[PDB]
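Each chain gets a letter, A, B and so on, in the order the sequences are listed, and its residues count up from 1. Any value given below was found using the heavy atoms of this structure, including those in side chains, with hydrogens, waters and symmetry copies removed.
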Amino acid sequence: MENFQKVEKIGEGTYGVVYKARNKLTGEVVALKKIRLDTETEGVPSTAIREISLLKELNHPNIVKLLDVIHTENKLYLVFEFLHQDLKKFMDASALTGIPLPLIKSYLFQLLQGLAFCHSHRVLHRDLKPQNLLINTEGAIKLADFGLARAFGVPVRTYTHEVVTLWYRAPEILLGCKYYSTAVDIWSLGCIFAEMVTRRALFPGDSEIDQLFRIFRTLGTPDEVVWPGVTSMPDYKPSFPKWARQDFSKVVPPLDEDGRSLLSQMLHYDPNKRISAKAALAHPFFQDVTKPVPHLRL
Amino acid sequence: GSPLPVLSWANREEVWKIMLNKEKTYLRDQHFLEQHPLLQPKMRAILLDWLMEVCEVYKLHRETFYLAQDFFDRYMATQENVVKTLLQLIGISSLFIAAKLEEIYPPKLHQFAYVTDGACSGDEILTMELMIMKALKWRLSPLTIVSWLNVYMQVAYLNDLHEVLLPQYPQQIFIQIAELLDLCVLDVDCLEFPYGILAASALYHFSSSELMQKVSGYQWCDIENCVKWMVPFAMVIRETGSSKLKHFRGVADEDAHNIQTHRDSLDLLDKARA
Ligand SMILES: CC1(NC(=O)O[C@@H]2CC[C@H](c3cc(NC(=O)CCc4cccnc4)n[nH]3)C2)CC1
């Protein structure tokens, strides 16, 4: 665990202690997540074992790579690819002038590619927020922090409840659904999509019921027609106020026709109807960025 | 072939290809015990059966047990010359890694040291779990034998909705086929066959080759060698009968089939030798 010199502390949070290190010989810079094992009565944390195993099989250009796992001196070092800024800090720095629309489209396109790669590998991220989206100086953006990620089986079973940070939590989670899967990540990206457009959070709630009401105030109070089975969900209450769905010309004014359509499909109430990451890549919003491949009719 | 229906969230052939491509990354060796000349194949059966009983006492999922079984088999394939008294530590630590990966509220470290009757310290388990994960190159996400059966049971009971992620199949026959797989996994020679082949062969014995091929994608010739090997284990279950579904305190009935059970299956394993 030598040849690496710590340069700057990146932060300490639910992930752990992250430092920025630099290889003295090659000049290469990495990100070091340090895990003090002597302070862990349960050994290697379950979130650490999950993230390592998942990232060692999720090699993709839009996923922050895990380079090595070094164990020494009752410490577990996770060596990651380094990126210089997270999306939230970039959106805050761009709040006055706004993020250029070609860059919003390029970033969302890359995020959907990394999410489609995760879902095809049967992996839910479950914590998509601007703090976990990292950018470099070459126009790329990558998914980070898989500590709350989980591989789902086919079929899925009841997983951990009350996942995802509150502002980006899908409504089916807030209503207490038994089963869930890939739709919760798409909702988070829809919130991040609109947040890049409006330069402010889409549903900035301070509680579970307030987050749900902020969603209702923008997308309308859902019923059985727009979301079959919503009235039977555990946290549903017939006392919910009736709000009318707002015109997306006012929710996301800068967004054009193709943008409002994609955002609507990413924010569909029904998780079964919510657009998938693979289908979102084929949306006419990216028809200028990507070109379709020939499909074998066999 | 691919038995998955059209998937709204990804290309159906892409998801199936990844699942098959993973089975080539995770290697099996039905003769890894030749690297440990002092060990015998029956010791592995006694160890795995003990882990089954430990799983039922703490109501751990079947996926958790088969993760521990796969971690144990792939770890011994990387090591040489292991004694009998070291087996209990490797097994309980493989289950410790598996329980932390799969369970929402896994048991604590001292409980894993508690069931060893004082033969494994809490710090002995912590040392063993690091050696296991490092020797396995941290490749701890395999497609277990029981995970394939979950796929085969979902496709068998699919409607025109084609919603492959919401579970819907009888719990009664699931635990009957899993009962056959729990017996076969005690025999070391099962590693000759891929995990997907083993699950499809057990489903065939409780149904037909048409339902097998419909839900597994494997032709009859792919599983014939495994079906012929699974022959003695299938009749031993048929001679004693199919077990009933258990209810577990604190476990919802819509998930009761996913809980690992345990019988005195060590006696049934010997009858399958002839
Ligand atoms: C930390 C977090 N959570 C996480 O799990 O990130 C994994 C672990 C470390 C890995 C990582 C992080 C990273 N850049 C940044 O964090 C930007 C902030 C910064 C500050 C000072 C100097 N430079 C950079 N490059 N590589 C991936 C993303 C939220």
Side-chain angles (χ1 to χ4, degrees), chain A residues 119 121-124 126 150-161 163 170 172-173 175-184 228-229 232-234 270-274 276, chain B residues 2-10 12 15-16 19 55 59-67 101-104 143-179 181-182 195-196 199-200 202-203 206-207 211-212 214-217 244-248 250-261:
Chain A
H119 294 174
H121 284 60
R122 290 150 60 254
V123 171
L124 311 178
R126 305 192 304 178
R150 184 189 182 91
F152 67 89
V154 182
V156 315
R157 74 174 199 265
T158 301
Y159 296 150
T160 298
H161 58 95
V163 291
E172 60 269 24
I173 305 295
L175 288 176
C177 62
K178 277 180 52 59
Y179 307 130
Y180 65 88
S181 63
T182 59
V184 302
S232 301
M233 303 191 67
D270 194 334
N272 304 320
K273 298 290 189 175
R274 198 172 303 156
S276 64
Chain B
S2 178
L4 293 173
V6 284
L7 306 181
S8 65
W9 36 283
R12 42 173 298 274
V15 177
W16 185 256
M19 298 176 64
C55 286
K59 306 180 180 181
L60 268 37
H61 288 77
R62 304 182 178 275
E63 170 73 11
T64 302
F65 163 73
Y66 278 95
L67 283 174
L101 282 170
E102 187 64 28
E103 306 294 341
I104 300 183
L143 298 185
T144 60
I145 303 177
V146 74
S147 63
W148 282 109
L149 178 60
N150 244 95
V151 181
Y152 301 160
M153 287 300 305
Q154 184 63 31
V155 184
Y157 285 83
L158 270 181
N159 315 119
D160 283 331
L161 288 77
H162 285 356
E163 196 63 45
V164 85
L165 293 187
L166 204 82
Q168 190 275 321
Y169 53 87
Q171 308 166 317
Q172 182 79 315
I173 96 137
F174 176 86
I175 71 143
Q176 296 177 2
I177 305 173
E179 177 180 355
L181 287 168
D182 291 336
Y195 287 174
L203 169 56
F206 286 91
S207 56
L211 180 63
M212 181 276 314
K214 169 185 174 182
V215 316
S216 63
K244 298 289 185 175
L245 174 61
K246 287 187 174 184
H247 165 64
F248 296 97
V251 182
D253 287 332
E254 37 210 327
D255 197 69
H257 64 289
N258 289 320
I259 302 303
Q260 181 64 45
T261 55

Exercise. So do the side chains of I173(B) and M153(B) get within less than 4.5 Å of each other, counting heavy atoms only?
Worked result: yes
For this session: Output yes when a side-chain donor or acceptor of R12(B) lies under 3.5 Å from a complementary backbone atom of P3(B), and no otherwise.
Result: no
Problem set entry | Nearest heavy atoms of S181(A) and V156(A), plus distance in Å | CB-CG1, 4.4 Å
Seminar exercise, completed: Smallest heavy-atom separation, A151(A) atom then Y159(A) atom, equals O-OH, 4.3 Å
For this session: Provide the closest heavy-atom pair for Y66(B) versus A178(B) in the form atom of the first, atom of the second, distance.
Result: OH-O, 4.5 Å
Problem set entry | Beyond-backbone contact of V146(B) with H61(B), side-chain heavy atoms, under 4.5 angstrom | no
Exercise. Hey, are the side chains of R122(A) and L143(B) touching, using non-hydrogen atoms and a 4.5 Å cut-off?
Worked result: yes
Exercise. Is there a side-chain contact between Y180(A) and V163(A), using heavy atoms and a 4.5 Å cut-off?
Worked result: yes
Exercise. Side-chain donor-acceptor pair under 3.5 Å between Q171(B) and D253(B), yes or no?
Worked result: no
For this session: Decide if atom NZ of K59(B) counts as having more than 12 heavy atoms of other residues, nucleotides or ligands within a radius under 6.0 Å.
Result: yes
Exercise. What pair of heavy atoms forms the shortest contact from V15(B) to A10(B), and how long is it?
Worked result: CG2-CB, 3.6 Å
Exercise. What closest approach, in Å, do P155(A) and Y169(B) show between heavy atoms, and which atom pair accounts for it?
Worked result: CG-CE2, 4.2 Å
For this session: Could you tell me whether the side chain of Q172(B) and the main chain of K244(B) form a donor-acceptor pair under 3.5 Å?
Result: no
Problem set entry | Qualifying residues under side-chain contact (heavy atoms from CB on, under 4.5 Å), relative to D160(B), sequence neighbours excluded | none
Exercise. Considering residues at least two apart in sequence or located in another chain, which fulfil the side-chain contact (heavy atoms from CB on, under 4.5 Å) criterion with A170(A)?
Worked result: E172(A), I173(A), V184(A), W187(A), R274(A)
For this session: For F152(A) and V123(A), work out which heavy atoms get closest and say how close.
Result: CE2-N, 3.7 Å
Exercise. Is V154(A) close to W16(B) at the side-chain level, that is, under 4.5 Å between some pair of heavy atoms?
Worked result: no
For this session: Assign the ring pair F174(B) / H257(B) to parallel, tilted or perpendicular, where the plane angle (0 to 90°) is split at 30° and 60°.
Result: perpendicular
Exercise. Side chains of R126(A) and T160(A): does their closest heavy-atom pair fall under 4.5 Å?
Worked result: yes
Exercise. Just checking, any donor-acceptor pair under 3.5 angstrom between side chains of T64(B) and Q260(B)?
Worked result: no
Exercise. Is there a side-chain contact between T261(B) and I175(B) (heavy atoms, below 4.5 Å)?
Worked result: no
Exercise. Would you say the side-chain atoms of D270(A) pair up with the backbone N or O of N272(A), donor to acceptor, closer than 3.5 Å?
Worked result: yes
Problem set entry | Side chains of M233(A) and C177(A) in contact at under 4.5 Å (non-hydrogen atoms) | yes
